[PDB]
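In the text below, chain A, chain B and the rest are named by the order of the sequence lines, each starting its count at 1.
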Amino acid sequence: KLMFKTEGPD
Amino acid sequence: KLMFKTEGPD
Amino acid sequence: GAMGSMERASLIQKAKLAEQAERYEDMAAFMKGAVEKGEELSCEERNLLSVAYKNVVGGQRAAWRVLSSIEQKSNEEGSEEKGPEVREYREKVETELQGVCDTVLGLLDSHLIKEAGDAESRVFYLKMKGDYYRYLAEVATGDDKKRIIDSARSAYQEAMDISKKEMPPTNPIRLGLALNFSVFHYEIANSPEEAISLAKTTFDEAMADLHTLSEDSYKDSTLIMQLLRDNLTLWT
Amino acid sequence: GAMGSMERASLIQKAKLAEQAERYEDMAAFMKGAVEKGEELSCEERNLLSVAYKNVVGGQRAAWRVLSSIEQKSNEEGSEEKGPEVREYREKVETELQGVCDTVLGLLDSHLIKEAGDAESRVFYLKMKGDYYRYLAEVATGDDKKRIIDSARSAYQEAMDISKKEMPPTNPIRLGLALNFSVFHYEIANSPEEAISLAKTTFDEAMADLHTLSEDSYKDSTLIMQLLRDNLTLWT
Ligand SMILES: *SCc1cc(N[C@@H](C)CN)c2cc(C(=N)N)sc2c1
Ligand SMILES: *SCc1cc(N[C@@H](C)CN)c2cc(C(=N)N)sc2c1
Ligand SMILES: [Cl-]
Ligand SMILES: [Cl-]
Ligand SMILES: [Mg+2]
Ligand SMILES: [Mg+2]
Ligand SMILES: [Mg+2]
Ligand SMILES: [Mg+2]
């Protein structure tokens, strides 16, 4: 799945 | 530590 | 619990060691133990808690998506049955993921959130509550998916209200909250226009407040602003 | 054990899924369960077993070295005492590492090695026995360090004898064995000249046998030959 940017690591 | 090459992953 | 006999300070020290060792399951257990000492957390301790569990659940989400994709491939037309194993193992990982989310939500509920009086702590914890309900929603499919989603929404919304009243637009906690809430909107709530609007407004109001910041705070805020832009570039 | 109620085939299938998900602790537990079904392992199943545990113990070794370095820093002259925590957590990781090595050695002893009649299986398992005694030796400091080292040496040496009698010089198992035995010599047994000699002879005898190989076998063998060269470049 294309993962969008969220806060923090990994 | 400088790790030398050994067989397989990681 | 398992960490009840270790000193709070030792648990925090060992959480920091585990982070350096990239032992995030250890890191999370130490920070769980520190939370259960019952004292409120410092800014650094909150971040140790979040980094630990974010790393643990991140591994589970990555694994779950791999297994879910295989499983969907194995249920498409023209596919050789391979038995229950893919579904079973996807369920195994999913159950462990849900257990981690339930553990984090338990810590927030008992009693981090109710004791968090300051905006920076209360917003941090409410954002985390929204995040871990969001991770639950990513794998939910049943009669509780809608309520899980609304739980995420409700937590994010309370955190947004407080942050808008109590924090500047460049506050990194406020910015990371808005980032994550916008992703919630985009792919959990299937509200892409809400997602885009939130990200644009968040970016623009931060940009107009950067002039008030030191060089160190500027670097913190612009780092998260770049994530907002990264998403907007894909969404528009 | 914990996996006693799952079918052998399902455990192997799930080991392969776990590998794709980068869930190596799961992968190792599934392959442990498959070994304990009591049947000998295929070439693919041996490699699944080795890859799983190599990934698990690799994480532990990386963490142990980080913690060991901190601990030595904290015991140098002019260093502010920080209490027992670094030592304690280094011991925690070390104990988990030793437990993994003991588990693998238990599988080899009960009863993979004694049932391995063919050279390719017996050499594979004896190499693994040498490897996991080597990982134990990396963290050993007490009255058993010398015997741990000799256990590694003895396993590697039996594997070398069989491989020299029964396998061509380009056989990837034979080459990986010689690679790892040479590293043993270099930094475990403090025999750098033995290490260098073994690596050179191994490389040169393989190089002279490459002409007998298909393109696919050539690629397999030269991949490990490059590791021999990489080490020789640092050692000479
Ligand atoms: S409140 C001081 C503080 C801030 C951070 N992270 C900032 C970039 C904002 N989240 C922080 C991260 C820590 C860690 N990964 N150990 S400790 C700490 C403290
Ligand atoms: S015996 C066939 C076989 C060989 C390998 N690895 C070769 C490069 C030699 N070690 C192998 C790796 C597997 C895995 N990581 N799943 S399965 C398999 C089979
Ligand atoms: Cl399973
Ligand atoms: Cl510990
Ligand atoms: Mg105390
Ligand atoms: Mg389920
Ligand atoms: Mg059966
Ligand atoms: Mg010890």
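Applying the 6.0 Å contact sphere to CD of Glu25(D) captures no more than 12 heavy atoms from other residues, nucleotides or ligands. Counting non-hydrogen atoms of neighbouring residues, nucleotides and ligands closer than 6.0 angstrom, the NZ atom of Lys165(D) reaches no more than 12 such neighbours.
Of the two parts of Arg134(D), only the side chain, counted from C-beta on, holds a non-hydrogen atom closer than 4.5 Å to a non-hydrogen atom of chain B. Of the atoms belonging to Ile224(D), not a single heavy atom falls under 4.5 Å from chain B.
Taken from CZ in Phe4(B) to CG in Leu232(D), the straight-line distance is 11.0 Å, to the nearest 0.5 Å. Taking OG1 from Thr6(B) and CG from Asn231(D), the interatomic distance works out to 8.0 Å, rounded to the nearest 0.5 Å.
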Q.
Go through it in stages, so that I can follow the logic: the residues are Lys5(B) and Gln226(D), the test is side chain to side chain contact (heavy atoms under 4.5 Å, CB included), and I'd like the CA-CA distance, side-chain angles, deciding distance and then a yes or no.
A. CA-CA 10 Å; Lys5(B) 303 295 188 71; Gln226(D) 181 66 58; over 6 Å; no
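Residues of residues 166-184 of chain D placed with any heavy atom under 4.5 Å of a heavy atom in chain B are listed by number as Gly176(D), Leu179(D), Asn180(D), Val183(D).
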Could you tabulate the donor-acceptor pairs under 3.5 Å formed by side-chain atoms of residues 51-58 of chain D, not counting sequence neighbours?
| unit_1 | atom_1 | unit_2 | atom_2 | d |
| --- | --- | --- | --- | --- |
| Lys54(D) | NZ | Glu7(B) | O | 3.2 |
| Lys54(D) | NZ | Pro9(B) | O | 2.6 |

